[PDB]
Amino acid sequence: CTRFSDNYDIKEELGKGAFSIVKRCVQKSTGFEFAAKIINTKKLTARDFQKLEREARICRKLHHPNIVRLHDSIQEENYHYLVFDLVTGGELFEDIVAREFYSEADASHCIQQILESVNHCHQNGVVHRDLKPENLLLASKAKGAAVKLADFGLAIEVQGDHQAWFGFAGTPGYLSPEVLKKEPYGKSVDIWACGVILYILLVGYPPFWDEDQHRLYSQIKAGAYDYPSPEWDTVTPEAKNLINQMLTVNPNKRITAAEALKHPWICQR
């Protein structure tokens, strides 16, 4: 078809994934702005195609202010376009590095939004499998800005608490122990990634890190992190308590999104 080129005018660069070029675009008939995730289909196997339609299907199922909305999904002979609502505040990643870290108040507020979005996924039978700051976008651009959960390229359907081997996918520093152990996993993997994110928000570097990737995974599997002084000296014990529950190596013992949104540090305000 030619539905996209006819109805949209492509504009500027916004961001890139491992296989995606995302660009701003304007719906010609309305002058409304959107984000066009463009993907070369000539390069893709039948599996990657099924992943692409899977992403589209999951995005549609999810309707929430803190989840990116899908406006349209168009196929052309050599490219596929996923037209999302534009979000112009940039990646949460960009903001953390610009500010080094967030105050406990900004962190709490930010992680609350993240948790509300992933909780929505879980209650709707979705596990994202790829929570990280570069997949979290800011609405306003600067300060109090609403966070929007994006990138469902690896999301899949799970129902309840049951865990199965859904394959080896995600992002190294954010991967949970049970995935790295090649054990059956489920929704709880997203909370691990959140714990990693919260830790990043509070001091601006990840809790699991190593030059050698094999060692990094070792660290993640053993839940080997700490709170080095002086960075964590001023940080409240309750803030740390929330992280500890999220970075619980055993997923059945791991805090859920729901019972993380209750946590004092999040809710004692």
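Counting begins at 1, following the sequence as shown.
Student: May I ask you to compare 196-204 and 63-71 by their mean CA B factor in the entry and name the higher one?
Tutor: Looking at the record's C-alpha B-factors, the answer is 63-71.
Student: Decide which of the stretches 231-239 and 53-61 has the higher mean C-alpha B-factor, going by the entry.
Tutor: Comparing 53-61 with 231-239, the higher mean C-alpha B-factor belongs to 231-239.
Student: Compare the CA B factors listed in the entry for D151, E77, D190, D95 and report the winner.
Tutor: Answer, based on the entry's C-alpha B-factors: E77.
Student: Would you mind checking which of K141, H128, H120, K181 has the top Cα temperature factor in the PDB entry?
Tutor: Within the set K141, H128, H120, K181, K141 shows the top C-alpha B-factor.
Student: Relative to the other modelled residues of the same chain, rank the CA B-factor of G160 and answer lowest, middle or highest third.
Tutor: For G160, the deposited C-alpha B-factor lands in the highest third.
Student: In terms of the CA temperature factor given in the entry, to which third of its chain does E116 belong: lowest, middle or highest?
Tutor: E116: CA B-factor falls in the highest third of its chain.
Student: If you rank the chain by CA B-factor, which third does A224 end up in: lowest, middle or highest?
Tutor: Tercile = middle for this residue's CA B-factor.
Student: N124: which third of its chain by C-alpha temperature factor?
Tutor: As the PDB entry reports it, the C-alpha B-factor of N124 lands in the highest third of its chain.
Student: What third of the chain, by the recorded C-alpha B-factor, contains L44?
Tutor: Top third by C-alpha B-factor.
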